[PDB]
Amino acid sequence: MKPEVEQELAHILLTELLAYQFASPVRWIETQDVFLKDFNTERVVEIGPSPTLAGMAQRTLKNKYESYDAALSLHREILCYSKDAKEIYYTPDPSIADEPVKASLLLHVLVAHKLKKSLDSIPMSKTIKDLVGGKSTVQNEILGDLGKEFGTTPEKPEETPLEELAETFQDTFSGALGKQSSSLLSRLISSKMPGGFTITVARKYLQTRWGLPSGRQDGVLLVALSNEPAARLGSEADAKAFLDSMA
Amino acid sequence: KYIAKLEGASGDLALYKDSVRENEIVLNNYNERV
Amino acid sequence: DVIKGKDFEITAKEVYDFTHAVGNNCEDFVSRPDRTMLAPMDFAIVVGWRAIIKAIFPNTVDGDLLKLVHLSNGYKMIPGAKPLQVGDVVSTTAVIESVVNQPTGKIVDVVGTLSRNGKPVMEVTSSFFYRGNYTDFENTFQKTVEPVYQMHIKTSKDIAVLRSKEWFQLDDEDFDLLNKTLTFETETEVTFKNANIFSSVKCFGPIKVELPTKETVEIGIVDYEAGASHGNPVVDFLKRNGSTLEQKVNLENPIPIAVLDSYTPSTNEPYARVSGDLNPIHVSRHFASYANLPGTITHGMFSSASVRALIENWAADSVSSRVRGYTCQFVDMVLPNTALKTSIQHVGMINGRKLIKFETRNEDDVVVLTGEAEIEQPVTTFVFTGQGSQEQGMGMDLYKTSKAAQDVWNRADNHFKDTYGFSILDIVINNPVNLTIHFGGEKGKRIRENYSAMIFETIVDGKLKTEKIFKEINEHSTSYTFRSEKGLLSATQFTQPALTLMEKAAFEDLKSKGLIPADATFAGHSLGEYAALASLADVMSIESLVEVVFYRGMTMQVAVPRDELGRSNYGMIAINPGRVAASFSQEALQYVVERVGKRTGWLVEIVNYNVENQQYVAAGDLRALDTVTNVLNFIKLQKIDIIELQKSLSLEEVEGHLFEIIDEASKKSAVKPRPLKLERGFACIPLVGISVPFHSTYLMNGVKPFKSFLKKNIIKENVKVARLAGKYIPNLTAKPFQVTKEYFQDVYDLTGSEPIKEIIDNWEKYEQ
Amino acid sequence: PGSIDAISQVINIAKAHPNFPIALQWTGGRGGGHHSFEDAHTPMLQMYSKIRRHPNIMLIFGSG
Amino acid sequence: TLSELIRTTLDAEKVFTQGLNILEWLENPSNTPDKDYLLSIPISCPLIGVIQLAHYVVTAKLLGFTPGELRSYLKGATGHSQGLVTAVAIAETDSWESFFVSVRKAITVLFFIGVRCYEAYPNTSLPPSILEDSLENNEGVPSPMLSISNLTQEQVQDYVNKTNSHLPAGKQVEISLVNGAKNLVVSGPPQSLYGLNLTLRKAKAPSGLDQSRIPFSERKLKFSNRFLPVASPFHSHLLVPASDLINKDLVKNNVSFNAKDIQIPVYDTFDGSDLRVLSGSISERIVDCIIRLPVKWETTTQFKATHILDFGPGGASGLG
């Protein structure tokens with residue numbers, strides 16, 4: 001076929017195609033069942049003010065393309081223009097009085113220290129088995145710590161969120177640090193680089209400069225445990241600026 | 001929060017709804033006791 | 001002279017070996033049965049090596065090959081060809097691009113050309129660096145293949161500039177260059193004298209012009225030939241005055257995709273085996289120490305492949321086909337047992353292809369690898385919405401920002417004012433209740449004549465009638481007024497163009513941002529159909545498009561007699577087959593609807609086959625529509641499971657019963673106030689403000705005026721075959737757009753077109 | 001006790017006074033009168049282990 | 001002996017890229033390979049065996065016992081998935097000199113099981129959209145083995161028949177380990193196991209609910225579904241082509257287990273029977289007990305005893 005004539009045919013063909021589209025039914029079944037099957041479309045983009053055709057495509061795949069999509073390991077992306085602009089344009093968005101320590105703060109610090117993670121990377125509304133990688137030795141090691149720290153635990157504590165599990169301890173717990181947290185703060189000052197000044201001399205600096213009594217003193221030390229520096233810092237003067245940022 | 005998160009989007013919504021409905025019955029006893 | 005390598009049989013063995021060496025675990029390179037094994041684009045170096053590396057060997061290119069530095073390696077899949085299958089026999093063809101003497105040493109650029117069954121498949125581009133001090137200017141040259149440059153000729157000055165250029169040799173001197181599109185396929189030979197001054201500039205190649213018939217023809221030669229020159233005049237001319245075929249468009253903000261840790265192996269032995277890069281400086285310590293290196297280094301080409309595997313993973317979603325062009329700059333060298341930290345950024349688009357830019361650092365936070373990756377969009381289908389959903393100021397947020405949007409609306413709006421004497425924008429933004437068109441002045445007259453010439457065809461008791469729209473409008477008319485109850489925006493001769501504009505506008509923004517694949521398939525629901533064609537194949541101008549869509553709305557408004565006020569005896573209703581009964585299917589509606597129209601005699605038919613067993617639309621007689629919603633109200637309240645007693649209990653006593661069930665709803669709905677208010681019930685939902693049974697057989701009559709109007713606004717030299725073929729899916733013939741006999745036949749079987757049948761009768765116009 | 005959490009509380013009472021006998025009268029939701037929402041089986045299967053750690057607990061079953 | 005088995009076997013060196021000089025990897029931690037490639041099955045399987053044998057040694061030596069004495073005090077022995085081979089090897093040991101010939105077999109077994117199963121079904125790269133989704137749905141890193149806590153065998157079997165109905169033959173999943181009464185492991189393609197995890201997230205409760213005021217038979221189930229950090233589907237129909245090639249690679253490496261050499265009962269991991277009471281080759285059964293046949297652990301730990309010794313890896317995470 002010569003492209004001069006090929007042109008002429010297509011022109012004529014399309015002309016009656018539109019003329020007679022007008023007065024003959026929309027066979028949108030066989031439309032859908034061509035680009036979904038005969039082309040294996042990985043991404044449909046509905047250009048329109050409402051996701052009408054998105055819905056029509058979405059529910060066609062729900063009905064008869066369950067067995068077919070899984071059989072090809074074919075991931076499908078359904079997008080409308082109006083709703084799903086950001087995926088199509090590729091422009092996502094960036095996204096002083098003394099008080100005994102809370103169980104909610106102490107719980108967060110014991111979990112954050114064991115996971116080697118920061119004091120804000122852990123959200124409180126999350127179960128213990130969730131924010132662990134299912135390691136389980138890490139899981140029961142945390143539960144082993146909470147047994148030492150608070151004493152009596154609820155039943156399956158690793159299935160109730162830290163936010164929910166905080167108030168349960170808060171009732172029977174009051175101020176006094178105890179076994180596990182003291183031993184971790186025993187390491188924090190000893191293993192790191194308050195080289196000259198021990199626990200007692202570190203306590204008096206918070207009480208003198210900032211004006212924090214015993215209850216407030218412990219809470220600042222727990223934040224320092226979650227923000228453990230781990231680099232061999234030199235003198236007292238750097239270690240004073242460490243306790244300043246933690247306060 | 002779990003209402004307002006899912007309301008933005010119907011299974012596992014009525015189960016949040018009668019959970020906060022039940023807490024209002026217990027809370028109605030508390031301030032009556034107060 | 002050209003270097004050719006041995007034809008290379010790809011084996012299931014050699015790919016499997018190569019993947020484990022580099023650590024590419026992508027699904028496409030694993031022997032799953034049925035779905036053959038692919039070979040990576042990295043694997044080309046294994047094929048290419050024997051030819052490519054030969055380029056640096058001759059006596060005239062004299063270098064200490066110990067102090068060679070692998071600078072950059074680039075792959076480029078030619079457009080259209082599929083990547084390497086397991087069964088492929090691959091011919092290699094290595095051409096050297098550039099030998100150049102710089103102060104610090106000599107740069108060698110090599111261009112491999114892999115061949116499958118005689119077709120080019122991909123270009124392998126390697127740059128190599130001999131360190132030292134070379135006065136080798138005689139054996140120093142630059143034979144490049146410049147990319148294709150295209151010029152749009154618009155003005156009488158663009159032509160006059162080209163006529164001033166000696167190297168613009170035409171075959172026909174008189175040839176008309178006005179409003180044409182020249183494409184320049186250019187290569188250029190250069191020989192040197194100094195590090196800066198060229199001894200011989202030679203630039204040539206054919207000059208093709210874009211024809212209306214989609215294929216180009218060569219009627220022009222570039223013939224530049226100089227002596228002692230400084231730069232290539234011809235290329236710099238085409239940079240500024242023309243443009244490339246493909247335009248890169250940066251995002252507003254680059255997106256960090258991922259930051260990943262790929263590690264170098266303990267030894268370079270396993271890569272050396274599969275690659276054929278047995279270079280001793282990678283493997284033997286004493287050789288390494290002789291080259292003044294900090295020990296046995298990891299292969300350049302290992303690092304390239306390793307990073308590419310993550311690019312393939314994290315940007316192409318575990319698919320080998322999508323990655324189109326990968327280049328890799330080697331900044332510094334890499335030791336075994338090192339921890340490479342590669343950051344991946346999606347930075348830009350080029351006509352529906354993503355630009356990936358990556359950056360790999362070691363432990364010491366030193367730049368090691370940079371490069372670019374052209375990656376395809378997934379397989380894409382654009383589907384354009386139909387009527388129904390239209391609010392005040394729809395897509396006006398997009399009009400304010402996008403330059404491309406501003407183009408679409410305004411150019412249309414300028415036509416609406418200059419031809420039909422209103423602002424379509426005014427309509428969208430304000431949604432007025434009454435609009436008055438005035439025909440005063442010479443310009444007013446032309447608009448009035450444009451309202452006159454509108455026609456339609458309805459069957460009036462006897463025969464056809466070529467009655468015109470707007471009976472009020474004559475040669476003595478001064479005003480015509482458009483009247484609505486709520487606003488003109490919901491009166492369908494305004495709804496339709498606005499909807500069409502919004503969608504087209506949206507598209508052209510995406511096209512301007514280069515978010516449109518070349519190989520995208522497209523269709524549109526009823527109206528969107530038109531927008532789709534204007535969008536993806538430039539079938540009509542914006543000018544010619546909105547004209548038709550406007551005329552469509554007009555012919556739809558009048559085809560039904562609606563005497564009383566804005567109230568006809570026709571309408572349409574949306575049905576949910578699932579709501580009435582869990583067994584009620586397609587094949588249940590095709591009985592009920594066909595029977596209600598055969599029994600009553602009143603026309604009712606299915607017009608929208610949208611969602612299977614969830615969303616269908618029936619249009620026709622409002623009396624016949626009140627029956628169907630009541631018959632479907634009856635089967636939902638009985639809930640007498642249809643598959644149990646369809647043919648299993650009462651064989652064709654359904655026809656007796658369905659009638660009995662019809663004739664107590666049929667003879668109940670015939671005694672209603674004449675233009676009957678329709679209500680909703682349990683499955684059938686009425687489409688509000690829809691008064692016309694469009695897509696029914698009723699309006700087969702008024703096509704000859706609609707066709708003849710399409711013929712004026714769709715010119716033959718505005719229809720690209722290539723940009724429609726197996727991409728366009730109409731609504732009439734839900735099969736890919738193909739120009740073949742079986743397609744023409746399938747249309748006429750539904751249509752009854754005399755212009756179509758006169759083509760099938762002599763399909764022997766293969767001979768011009 | 002009605003719930004898993006209530007069994008726990010009983011246990012902690014038995015820990016406090018290990019010499020004093022405690023009748024642990026378990027009742028599921030199936031019993032007559034003021035009843036819980038708990039299956040008879042599920043909580044006992046969970047808690048039996050920790051119950052029988054304390055000898056002074058005398059475990060009694062009811063409800064139906 | 002493994003460095004030996006690299007050159008002895010046809011195509012091992014390309015699978016074993018980074019060598020197996022584990023001496024240098026431990027004595028100098030800087031030369032140690034990555035933590036992504038050690039977890040690959042041809043190098044993981046035998047090294048885990050080594051650890052189990054090592055725990056047996058550090059037991060026996062501190063007692064002053066010869067291994068022949070330590071096995072004699074055992075009434076019985078068995079092994080979870082690949083520990084079963086190392087269990088039978090403990091039944092064979094007699095003295096410190098005739099210990100290393102059992103060490104040579106536990107390796108041969110594990111080694112070829114590791115290699116040939118990597119050949120039969122190697123794990124592939126996952127789409128990151130599936131990967132990212134599973135991470136924030138708190139399921140593990142997608143892998144061919146999926147652990148289901150807190151469901152009856154019945155309850156799991158319902159939720160696999162739903163998934164397997166929509167799958168063709170060569171991609172179906174199956175219950176592979178029955179660890180506890182309510183502790184199951186399903187194996188199959190990681191792609192397919194994601195599709196199973198879709199169905200699971202439907203019927204599961206958000207963890208911060210407090211179901212305390214819902215009737216029990218209307219409560220949503222509160223269970224843990226997550227992938228296992230492995231690189232191969234063990235006890236799956238996917239690995240049946242490996243089965244034939246491993247028995248053939250025991251014959252050429254002069255390794256078989258005989259009923260008379262083993263002096264304690266070793267418990268079959270599917271029957272719970274004694275392996276000593278077979279007519280055919282013991283090695284051929286031990287392969288099928290790992291590669292094809294599932295593991296009903298409950299019926300395996302059927303024996304009555306007072307004390308059980310978990311030498312197995314993990315410690316607190318251990319089988320014990």
# chains A, B, ... in the order shown; residues from 1 in each chain; ligands from 1

$ select_by_dssp --residues "range 73-190 of chain E" --states "strand (DSSP E or B)" --output "list in words"
residues 77, 145, 146, 147, 148, 149, 174, 175, 176, 177, 178, 179, 180, 183, 184, 185, 186 and 187 of chain E

$ write_last_selection --atoms "C-alpha atoms" --output "PDB file, in the first residue's frame"
ATOM      1  CA  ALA E  77      17.408 -36.927  69.139  1.00  0.00           C
ATOM      2  CA  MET E 145       8.471 -18.431  53.930  1.00  0.00           C
ATOM      3  CA  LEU E 146       5.588 -16.632  55.776  1.00  0.00           C
ATOM      4  CA  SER E 147       5.003 -17.194  59.574  1.00  0.00           C
ATOM      5  CA  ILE E 148       1.367 -17.143  60.879  1.00  0.00           C
ATOM      6  CA  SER E 149       1.087 -16.967  64.713  1.00  0.00           C
ATOM      7  CA  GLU E 174       1.064 -24.689  50.875  1.00  0.00           C
ATOM      8  CA  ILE E 175       1.287 -25.046  54.704  1.00  0.00           C
ATOM      9  CA  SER E 176       4.996 -26.080  55.099  1.00  0.00           C
ATOM     10  CA  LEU E 177       5.777 -25.995  58.883  1.00  0.00           C
ATOM     11  CA  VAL E 178       3.240 -26.806  61.670  1.00  0.00           C
ATOM     12  CA  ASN E 179       5.418 -25.509  64.579  1.00  0.00           C
ATOM     13  CA  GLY E 180       2.703 -25.269  67.305  1.00  0.00           C
ATOM     14  CA  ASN E 183       1.956 -21.342  65.068  1.00  0.00           C
ATOM     15  CA  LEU E 184       2.145 -22.112  61.290  1.00  0.00           C
ATOM     16  CA  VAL E 185       4.567 -21.321  58.388  1.00  0.00           C
ATOM     17  CA  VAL E 186       3.386 -21.181  54.724  1.00  0.00           C
ATOM     18  CA  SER E 187       5.885 -21.395  51.805  1.00  0.00           C
TER      19      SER E 187
END

$ closest_atom_pairs --of "chain E" --to "chain D" --cutoff "9 Å" --atoms "only C-alpha atoms" --output "JSON lines"
{"residue": "E:212", "atom": "CA", "partner": "D:37", "partner_atom": "CA", "distance": 7.5}
{"residue": "E:213", "atom": "CA", "partner": "D:37", "partner_atom": "CA", "distance": 6.9}
{"residue": "E:214", "atom": "CA", "partner": "D:37", "partner_atom": "CA", "distance": 6.6}
{"residue": "E:215", "atom": "CA", "partner": "D:37", "partner_atom": "CA", "distance": 4.9}
{"residue": "E:216", "atom": "CA", "partner": "D:38", "partner_atom": "CA", "distance": 6.0}
{"residue": "E:217", "atom": "CA", "partner": "D:39", "partner_atom": "CA", "distance": 8.6}

$ write_last_selection --atoms "N, CA and C atoms" --output "PDB file, in the first residue's frame"
ATOM      1  N   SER E 212     -12.836  -5.343  74.512  1.00  0.00           N
ATOM      2  CA  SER E 212     -13.341  -5.842  75.822  1.00  0.00           C
ATOM      3  C   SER E 212     -14.871  -5.757  75.914  1.00  0.00           C
ATOM      4  N   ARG E 213     -15.523  -4.938  75.078  1.00  0.00           N
ATOM      5  CA  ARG E 213     -17.005  -4.789  75.078  1.00  0.00           C
ATOM      6  C   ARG E 213     -17.572  -5.197  73.711  1.00  0.00           C
ATOM      7  N   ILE E 214     -17.067  -6.298  73.148  1.00  0.00           N
ATOM      8  CA  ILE E 214     -17.659  -6.985  71.963  1.00  0.00           C
ATOM      9  C   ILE E 214     -17.886  -8.446  72.347  1.00  0.00           C
ATOM     10  N   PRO E 215     -19.057  -9.042  72.019  1.00  0.00           N
ATOM     11  CA  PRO E 215     -19.245 -10.491  72.135  1.00  0.00           C
ATOM     12  C   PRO E 215     -18.190 -11.261  71.324  1.00  0.00           C
ATOM     13  N   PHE E 216     -17.739 -12.401  71.855  1.00  0.00           N
ATOM     14  CA  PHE E 216     -16.491 -13.104  71.452  1.00  0.00           C
ATOM     15  C   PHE E 216     -16.552 -13.571  69.990  1.00  0.00           C
ATOM     16  N   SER E 217     -17.681 -14.138  69.547  1.00  0.00           N
ATOM     17  CA  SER E 217     -17.842 -14.739  68.192  1.00  0.00           C
ATOM     18  C   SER E 217     -18.030 -13.657  67.115  1.00  0.00           C
TER      19      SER E 217
END

$ residues_around --residues "range 298-303 of chain E" --least-positions-apart "6" --cutoff "8 Å" --atoms "only C-alpha atoms" --output "PyMOL selection string"
chain E and resi 178-181+267-273

$ select_by_dssp --residues "range 67-129 of chain A" --states "helix (DSSP H, G or I)" --output "PyMOL selection string"
chain A and resi 67-71+85-89+103-114+128-129

$ residues_around --residues "residue 2 in chain B" --least-positions-apart "2" --cutoff "12 Å" --atoms "only C-alpha atoms" --output "PyMOL selection string"
(chain A and resi 125) or (chain B and resi 4-9+12-17+19-20) or (chain E and resi 206-209)

$ residues_around --residues "residue 68 in chain E" --least-positions-apart "3" --cutoff "9 Å" --atoms "only C-alpha atoms" --output "ChimeraX atom specification"
/E:65,71-72,90-96,99

$ write_last_selection --atoms "N, CA, C and O atoms" --output "mmCIF file, in the first residue's frame"
data_model
loop_
_atom_site.group_PDB
_atom_site.id
_atom_site.type_symbol
_atom_site.label_atom_id
_atom_site.label_comp_id
_atom_site.auth_asym_id
_atom_site.auth_seq_id
_atom_site.Cartn_x
_atom_site.Cartn_y
_atom_site.Cartn_z
ATOM 1 N N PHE E 65 33.662 -35.367 78.335
ATOM 2 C CA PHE E 65 33.080 -36.507 77.585
ATOM 3 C C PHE E 65 33.635 -36.516 76.164
ATOM 4 O O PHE E 65 33.849 -35.432 75.585
ATOM 5 N N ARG E 71 26.284 -38.788 73.328
ATOM 6 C CA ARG E 71 25.153 -39.385 72.560
ATOM 7 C C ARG E 71 24.524 -40.540 73.354
ATOM 8 O O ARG E 71 23.306 -40.753 73.210
ATOM 9 N N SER E 72 25.316 -41.264 74.153
ATOM 10 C CA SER E 72 24.871 -42.476 74.894
ATOM 11 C C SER E 72 23.900 -42.101 76.022
ATOM 12 O O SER E 72 23.019 -42.926 76.326
ATOM 13 N N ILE E 90 24.903 -36.915 64.936
ATOM 14 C CA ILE E 90 25.189 -37.023 66.399
ATOM 15 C C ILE E 90 24.972 -38.472 66.857
ATOM 16 O O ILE E 90 25.671 -38.902 67.795
ATOM 17 N N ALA E 91 24.062 -39.207 66.211
ATOM 18 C CA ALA E 91 23.784 -40.631 66.514
ATOM 19 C C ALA E 91 24.975 -41.513 66.102
ATOM 20 O O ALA E 91 25.138 -42.588 66.713
ATOM 21 N N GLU E 92 25.780 -41.073 65.123
ATOM 22 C CA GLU E 92 26.871 -41.877 64.498
ATOM 23 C C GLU E 92 28.181 -41.748 65.287
ATOM 24 O O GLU E 92 29.015 -42.666 65.166
ATOM 25 N N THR E 93 28.379 -40.655 66.029
ATOM 26 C CA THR E 93 29.695 -40.297 66.630
ATOM 27 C C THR E 93 30.061 -41.287 67.743
ATOM 28 O O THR E 93 29.141 -41.739 68.453
ATOM 29 N N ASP E 94 31.361 -41.580 67.887
ATOM 30 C CA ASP E 94 31.924 -42.610 68.808
ATOM 31 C C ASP E 94 33.107 -42.041 69.608
ATOM 32 O O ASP E 94 33.182 -42.308 70.827
ATOM 33 N N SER E 95 34.018 -41.325 68.942
ATOM 34 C CA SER E 95 35.295 -40.827 69.518
ATOM 35 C C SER E 95 35.741 -39.557 68.787
ATOM 36 O O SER E 95 35.179 -39.268 67.711
ATOM 37 N N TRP E 96 36.733 -38.850 69.341
ATOM 38 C CA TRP E 96 37.251 -37.555 68.815
ATOM 39 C C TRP E 96 37.879 -37.745 67.429
ATOM 40 O O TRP E 96 37.856 -36.780 66.638
ATOM 41 N N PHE E 99 34.964 -38.584 64.963
ATOM 42 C CA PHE E 99 33.993 -37.459 65.039
ATOM 43 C C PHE E 99 34.007 -36.699 63.709
ATOM 44 O O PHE E 99 32.921 -36.450 63.151
#

$ decode --residues "range 679-700 of chain C" --atoms "N, CA and C atoms" --output "PDB file, in the first residue's frame"
ATOM      1  N   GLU C 679     -39.286   8.972  38.802  1.00  0.00           N
ATOM      2  CA  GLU C 679     -38.748   8.749  40.168  1.00  0.00           C
ATOM      3  C   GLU C 679     -37.746   7.591  40.131  1.00  0.00           C
ATOM      4  N   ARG C 680     -37.003   7.433  41.226  1.00  0.00           N
ATOM      5  CA  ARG C 680     -35.926   6.424  41.410  1.00  0.00           C
ATOM      6  C   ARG C 680     -36.490   5.237  42.192  1.00  0.00           C
ATOM      7  N   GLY C 681     -35.961   4.031  41.957  1.00  0.00           N
ATOM      8  CA  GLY C 681     -36.352   2.821  42.704  1.00  0.00           C
ATOM      9  C   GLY C 681     -35.299   1.728  42.658  1.00  0.00           C
ATOM     10  N   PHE C 682     -34.483   1.646  43.715  1.00  0.00           N
ATOM     11  CA  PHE C 682     -33.792   0.423  44.213  1.00  0.00           C
ATOM     12  C   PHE C 682     -32.686  -0.067  43.265  1.00  0.00           C
ATOM     13  N   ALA C 683     -32.737   0.253  41.968  1.00  0.00           N
ATOM     14  CA  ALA C 683     -31.711  -0.145  40.971  1.00  0.00           C
ATOM     15  C   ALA C 683     -31.563   0.942  39.906  1.00  0.00           C
ATOM     16  N   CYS C 684     -32.675   1.322  39.274  1.00  0.00           N
ATOM     17  CA  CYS C 684     -32.740   2.363  38.217  1.00  0.00           C
ATOM     18  C   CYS C 684     -32.680   3.756  38.855  1.00  0.00           C
ATOM     19  N   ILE C 685     -31.641   4.527  38.516  1.00  0.00           N
ATOM     20  CA  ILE C 685     -31.442   5.937  38.969  1.00  0.00           C
ATOM     21  C   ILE C 685     -31.529   6.835  37.738  1.00  0.00           C
ATOM     22  N   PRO C 686     -32.393   7.880  37.754  1.00  0.00           N
ATOM     23  CA  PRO C 686     -32.540   8.771  36.607  1.00  0.00           C
ATOM     24  C   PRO C 686     -31.365   9.742  36.468  1.00  0.00           C
ATOM     25  N   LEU C 687     -30.889   9.916  35.232  1.00  0.00           N
ATOM     26  CA  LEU C 687     -29.879  10.947  34.889  1.00  0.00           C
ATOM     27  C   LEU C 687     -30.608  12.284  34.736  1.00  0.00           C
ATOM     28  N   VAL C 688     -30.325  13.211  35.654  1.00  0.00           N
ATOM     29  CA  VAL C 688     -31.020  14.526  35.813  1.00  0.00           C
ATOM     30  C   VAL C 688     -30.654  15.433  34.639  1.00  0.00           C
ATOM     31  N   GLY C 689     -31.660  16.085  34.031  1.00  0.00           N
ATOM     32  CA  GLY C 689     -31.507  17.027  32.896  1.00  0.00           C
ATOM     33  C   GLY C 689     -31.229  16.353  31.542  1.00  0.00           C
ATOM     34  N   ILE C 690     -31.414  14.387  31.871  1.00  0.00           N
ATOM     35  CA  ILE C 690     -31.070  14.024  30.469  1.00  0.00           C
ATOM     36  C   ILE C 690     -32.374  13.674  29.747  1.00  0.00           C
ATOM     37  N   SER C 691     -32.619  14.353  28.625  1.00  0.00           N
ATOM     38  CA  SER C 691     -33.916  14.382  27.907  1.00  0.00           C
ATOM     39  C   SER C 691     -33.820  13.671  26.551  1.00  0.00           C
ATOM     40  N   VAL C 692     -32.621  13.308  26.109  1.00  0.00           N
ATOM     41  CA  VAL C 692     -32.363  12.783  24.734  1.00  0.00           C
ATOM     42  C   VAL C 692     -31.853  11.349  24.821  1.00  0.00           C
ATOM     43  N   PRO C 693     -32.428  10.394  24.050  1.00  0.00           N
ATOM     44  CA  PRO C 693     -31.918   9.036  23.985  1.00  0.00           C
ATOM     45  C   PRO C 693     -30.757   8.883  22.997  1.00  0.00           C
ATOM     46  N   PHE C 694     -29.626   9.533  23.284  1.00  0.00           N
ATOM     47  CA  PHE C 694     -28.395   9.477  22.441  1.00  0.00           C
ATOM     48  C   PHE C 694     -27.767   8.081  22.566  1.00  0.00           C
ATOM     49  N   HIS C 695     -27.207   7.573  21.461  1.00  0.00           N
ATOM     50  CA  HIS C 695     -26.654   6.198  21.239  1.00  0.00           C
ATOM     51  C   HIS C 695     -27.759   5.164  20.963  1.00  0.00           C
ATOM     52  N   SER C 696     -29.025   5.590  20.890  1.00  0.00           N
ATOM     53  CA  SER C 696     -30.175   4.738  20.473  1.00  0.00           C
ATOM     54  C   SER C 696     -30.265   4.739  18.939  1.00  0.00           C
ATOM     55  N   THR C 697     -31.176   3.955  18.362  1.00  0.00           N
ATOM     56  CA  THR C 697     -31.372   3.846  16.885  1.00  0.00           C
ATOM     57  C   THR C 697     -32.220   5.030  16.383  1.00  0.00           C
ATOM     58  N   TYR C 698     -32.910   5.718  17.309  1.00  0.00           N
ATOM     59  CA  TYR C 698     -33.869   6.829  17.039  1.00  0.00           C
ATOM     60  C   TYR C 698     -33.179   7.959  16.275  1.00  0.00           C
ATOM     61  N   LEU C 699     -31.897   8.224  16.570  1.00  0.00           N
ATOM     62  CA  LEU C 699     -31.158   9.378  15.987  1.00  0.00           C
ATOM     63  C   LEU C 699     -30.134   8.895  14.947  1.00  0.00           C
ATOM     64  N   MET C 700     -30.409   7.744  14.314  1.00  0.00           N
ATOM     65  CA  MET C 700     -29.686   7.258  13.100  1.00  0.00           C
ATOM     66  C   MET C 700     -29.985   8.209  11.925  1.00  0.00           C
TER      67      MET C 700
END
